[PDB]
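A short worksheet on the structure shown next.
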Amino acid sequence: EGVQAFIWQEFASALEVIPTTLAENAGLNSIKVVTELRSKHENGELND
Amino acid sequence: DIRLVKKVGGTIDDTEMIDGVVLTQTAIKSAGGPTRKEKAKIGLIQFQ
Amino acid sequence: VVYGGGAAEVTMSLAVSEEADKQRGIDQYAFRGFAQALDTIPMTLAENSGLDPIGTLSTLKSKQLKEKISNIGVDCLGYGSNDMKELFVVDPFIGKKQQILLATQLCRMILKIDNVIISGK
Amino acid sequence: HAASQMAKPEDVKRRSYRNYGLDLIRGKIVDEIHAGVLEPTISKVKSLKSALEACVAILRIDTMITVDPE
Amino acid sequence: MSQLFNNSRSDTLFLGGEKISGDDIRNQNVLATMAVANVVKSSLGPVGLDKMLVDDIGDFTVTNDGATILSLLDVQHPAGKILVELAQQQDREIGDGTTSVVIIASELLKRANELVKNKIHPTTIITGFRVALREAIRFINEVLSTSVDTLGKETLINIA
Amino acid sequence: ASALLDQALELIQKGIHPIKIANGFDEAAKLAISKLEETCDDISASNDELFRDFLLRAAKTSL
Amino acid sequence: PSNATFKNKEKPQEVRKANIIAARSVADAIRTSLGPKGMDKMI
Amino acid sequence: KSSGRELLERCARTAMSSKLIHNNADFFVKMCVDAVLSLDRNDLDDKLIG
Ligand SMILES: Nc1ncnc2c1ncn2[C@@H]1O[C@H](COP(=O)(O)OP(=O)(O)O)[C@@H](O)[C@H]1O
Ligand SMILES: Nc1ncnc2c1ncn2[C@@H]1O[C@H](COP(=O)(O)OP(=O)(O)O)[C@@H](O)[C@H]1O
Ligand SMILES: [Mg+2]
Ligand SMILES: [Mg+2]
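Protein chains in written order, with the deposited numbering: chain H, 433 to 480; chain D, 193 to 240; chain P, 439 to 559; chain S, 481 to 550; chain V, 1 to 160; chain Z, 126 to 188; chain B, 6 to 48; chain Y, 151 to 200.
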């Protein structure tokens with residue numbers, strides 16, 4: 433907790449630019465691709 | 193230590209592995225010397 | 439009438455945020471963008487008044503979520519109390535409403551432009 | 481040509497069709513063997529491959545960048 | 001087909017010429033291909049007829065070959081230089097089909113650009129051509145014919 | 126208006142249609158003004174004396 | 006409040022904004038060249 | 151044997167797509183439907199809708 437919490441939060445948001453572009457270039461719905469990847473990773477899947 | 197020889201012409205499928213070293217230079221053929229010779233020992237002339 | 443000065447903005451920002459996770463769908467990011475867009479006004483008042491936007495924004499979000507009283511905003515003149523009952527500040531409802539209506543209705547037109555032809559004079 | 485490809489293996493006449501086609505002088509369908517129209521197999525081999533790589537080189541281009549000369 | 005030239009952009013400052021993107025590039029590349037494909041389209045086959053090109057000194061060259069007519073046509077566009085050098089690669093290797101290989105490539109870029117406008121990716125389009133060409137060469141092997149029961153040099157005469 | 130455009134850009138980049146973005150603000154704007162109307166206080170019940178003072182509270186704001 | 010530090014300078018944050026937009030402009034030029042679905046760039 | 155008032159509202163809803171109105175069409179479609187119904191059916195004029 434502190435002033436650096438938002439900086440680390442935006443650091444995590446900017447790190448996901450790679451898979452957002454793969455869904456964009458492949459014509460897939462990106463927002464959907466990144467909402468399912470959170471769901472699969474929370475179930476213990478390290479690689480998805 | 194890796195060598196890539198650039199050449200115009202041919203197709204992409206023509207690229208293949210060569211077990212030995214390949215010379216990018218060509219023969220002179222001014223006096224009409226041979227172009228093919230078997231069981232030859234290659235000597236490196238470092239003088240003129 | 440209403441009570442502006444960052445109190446109406448943070449009150450209207452958390453109202454759409456509390457409904458965003460209830461109505462996830464696909465437009466939840468638009469609700470969050472509308473929430474963060476309303477927060478720029480009290481952060482601008484905090485920026486011009488010199489106060490910290492972190493402590494100011496965190497205090498309004500944490501306090502307004504706890505207490506239901508919705509007349510606390512950004513004190514720019516540097517008073518010790520942020521309650522606007524004592525500071526003598528009042529705004530009209532028709533005035534604060536038109537800020538959102540004319541803004542959200544214009545930006546629909548701004549976003550719908552694809553071809554942009556400008557004839558040089 | 482279609483009536484030839486679909487056909488039974490055992491059908492001489494139809495199979496022959498696989499062999500002939502367009503004529504530019506008289507304007508009718510005649511046999512290439514009697515007419516004498518013939519090409520090598522090597523002429524078609526590596527011709528579509530060169531056209532394929534030619535299509536791949538331009539088709540994969542999205543944006544164009546031009547630098548003016550100094 | 002492209003009109004209303006792209007605006008000079010202030011947010012993206014690159015030295016030299018201006019950058020342009022979108023579907024106008026593949027439209028301009030196909031338009032550059034039709035500039036050379038229509039030249040060689042008329043001089044195909046026995047019924048085809050050729051044209052003349054002057055050398056700006058009184059001399060000229062009446063050319064039937066695709067490599068020669070494109071060699072004198074110095075194409076300033078980048079996409080056209082690929083087909084110009086392809087014909088110089090074609091005539092040196094095989095010496096045949098120089099007009100057809102340019103016409104095949106022009107028709108491919110026509111329909112490939114139409115397929116990109118139909119919202120399928122070029123990577124799937126290229127994969128469709130490669131699996132199709134691999135079956136085409138397999139089909140070319142099926143329709144071969146060995147010269148047999150021919151009197152003398154007749155097979156070499158009529159093929160010439 | 127610029128704040129809505131700045132937040133809408135991030136979104137366009139992540140990947141959403143622009144008219145669908147404006148549809149989200151419309152449902153959010155009507156819900157925002159509807160919630161402000163719920164927590165709105167009326168000063169018409171007071172007499173003219175207290176209502177005289179309320180004009181000073183708003184006139185001093187804009188001035 | 007009135008005792009807060011104004012810092013006297015808005016030119017630094019404006020120059021940083023001009024650099025970020027200039028850096029994001031060329032970064033968005035090559036965004037579509039990533040992955041198997043990327044496209045070539047002839048210069 | 152449906153009602154005549156709902157016919158104009160049903161067909162005018164298609165016209166308000168691809169515009170800035172499509173979300174505010176619940177309120178403005180009643181305006182144009184009630185506006186044109188005031189006109190005479192025999193003599194429908196285009197200059198009276200300025
Ligand atoms: N003394 C004050 N205390 C708290 N908030 C204030 C005070 N004065 C102004 N404000 C807030 O700052 C805002 C400034 O609005 P103003 O700049 O006067 O209108 P405009 O932006 O159209 O020029 C008001 O909406 C009000 O909520
Ligand atoms: N006498 C003929 N009858 C039918 N087709 C012919 C005849 N001569 C040429 N063609 C066809 O014309 C095409 C192009 O021939 P030609 O112009 O000689 O080669 P290039 O395309 O290299 O200039 C060939 O694919 C061939 O099938
Ligand atoms: Mg020929
Ligand atoms: Mg004012």
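Note that beta-carbon positions come from the ideal geometry of N, C-alpha and C, so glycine has one too.
Straight-line gap, residue i to residue j (C-alpha atoms, nearest Å)
i        : j        : result
V:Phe129 : Y:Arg155 : 58 Å
Y:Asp196 : Y:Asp190 : 12 Å
H:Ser445 : P:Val448 : 24 Å
P:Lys535 : Z:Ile158 : 7 Å
H:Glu468 : Z:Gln138 : 19 Å
Z:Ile168 : H:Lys464 : 48 Å
P:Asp477 : P:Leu498 : 10 Å
Y:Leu170 : P:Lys550 : 9 Å
P:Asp459 : P:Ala468 : 12 Å
P:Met481 : P:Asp521 : 18 Å
V:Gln28  : S:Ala537 : 14 Å
B:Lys14  : P:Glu505 : 38 Å
P:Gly518 : P:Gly493 : 15 Å
P:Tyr441 : P:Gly533 : 11 Å
Z:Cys165 : P:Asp552 : 40 Å
P:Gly444 : Z:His142 : 31 Å
V:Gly66  : D:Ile204 : 23 Å
H:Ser471 : H:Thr452 : 16 Å
P:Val554 : V:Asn113 : 25 Å
S:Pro520 : S:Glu533 : 22 Å
Y:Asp193 : P:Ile548 : 40 Å
Residue j beta carbon less than 8 Å from that of residue i
i                      : j        : result
P:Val512               : Z:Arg182 : no
P:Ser487               : P:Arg470 : no
P:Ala453               : Z:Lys160 : yes
V:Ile125               : V:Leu115 : yes
B:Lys46                : S:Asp542 : yes
V:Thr61                : V:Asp50  : no
S:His514               : S:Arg498 : no
P:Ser508               : P:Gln502 : yes
V:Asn158               : S:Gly516 : yes
Y:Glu159               : Y:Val186 : no
S:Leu518               : S:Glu512 : yes
residue 175 of chain V : B:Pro41  : As displayed, chain V neither begins before 1 nor continues past 160, which places residue 175 of chain V out of reach and without an answer.
residue 561 of chain P : Z:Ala153 : Nothing about residue 561 of chain P can be reported from this structure: the residues present for chain P run from 439 to 559 only.
residue 406 of chain P : P:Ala473 : The question about residue 406 of chain P has no answer, for chain P in this structure spans 439 to 559.
V:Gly22                : S:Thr546 : no
H:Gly459               : V:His77  : no
Three-way DSSP call (helix, strand, coil) for residue i in this model
i        : result
Z:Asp151 : helix
D:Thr218 : coil
V:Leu53  : strand
B:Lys46  : strand
S:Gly501 : strand
V:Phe60  : strand
S:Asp542 : strand
S:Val517 : coil
Y:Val186 : helix
V:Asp24  : helix
P:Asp521 : strand
P:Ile548 : helix
B:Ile25  : helix
**Request:** Return the residues of the region 497 to 517 of chain P that lie within a Cβ-Cβ distance of less than 7 Å from chain B, sorted by chain order.
**Result:** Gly516
**At least three beta-carbon pairs within less than 8 Å, the region 461 to 468 of chain P to the region 146 to 162 of chain Z** = yes
**At least 3 beta-carbon pairs within less than 8 Å: the region 78 to 96 of chain V vs the region 8 to 22 of chain V** = no
**Prompt:** Which residues, in order along the region 529 to 554 of chain P, keep a beta-carbon less than 8 Å from a beta-carbon of chain B?
**Reply:** none
**Item:** Stretch-stretch touch, CB-based, cutoff 8 Å, three pairs: the region 131 to 141 of chain V with the region 528 to 536 of chain S
**Value:** yes
**Message:** Please identify, using Cβ separations under 7 Å, the residues of the region 148 to 176 of chain Z that lie next to chain Y, in order along the chain.
**Reply:** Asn148 and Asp151
**Asked** When you check each C-beta in the region 27 to 38 of chain B against every C-beta of chain V, which residues fall closer than 8 Å?
**Response** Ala27, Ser30, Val31 and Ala34
**Item:** Under 7 Å (Cβ pairs) to chain Z, residues found in the region 462 to 484 of chain P
**Value:** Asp465, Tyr467, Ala468, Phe469, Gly471, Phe472, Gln474, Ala475 and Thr478
**Request:** Can you give me, in chain order, the residues of the region 43 to 70 of chain V that have a beta carbon less than 8 Å from any beta carbon in chain S?
**Result:** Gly45, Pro46 and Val47
**Request:** Note down, in chain order, all residues in the region 193 to 207 of chain D with a beta-carbon under 9 Å from any beta-carbon belonging to chain V.
**Result:** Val200, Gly201 and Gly202
**the region 52 to 60 of chain V contacting the region 33 to 41 of chain V, beta-carbon criterion three pairs below 8 Å** = no
**Asked** When you check each C-beta in the region 510 to 530 of chain S against every C-beta of chain D, which residues fall closer than 8 Å?
**Response** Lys526, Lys529 and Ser530
**Item:** Under 7 Å (Cβ pairs) to chain P, residues found in the region 128 to 139 of chain Z
**Value:** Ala128, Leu129, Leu130, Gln132, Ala133 and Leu136
**Contact set between the region 159 to 183 of chain Y and chain Z, restricted to residues whose Cβ is under 7 Å from the partner** = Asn173
**Asked** Of the residues that make up the region 445 to 460 of chain H, which ones have a beta carbon closer than 9 Å to any beta carbon in chain B?
**Response** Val449, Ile450, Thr453, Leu454, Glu456, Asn457, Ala458 and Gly459
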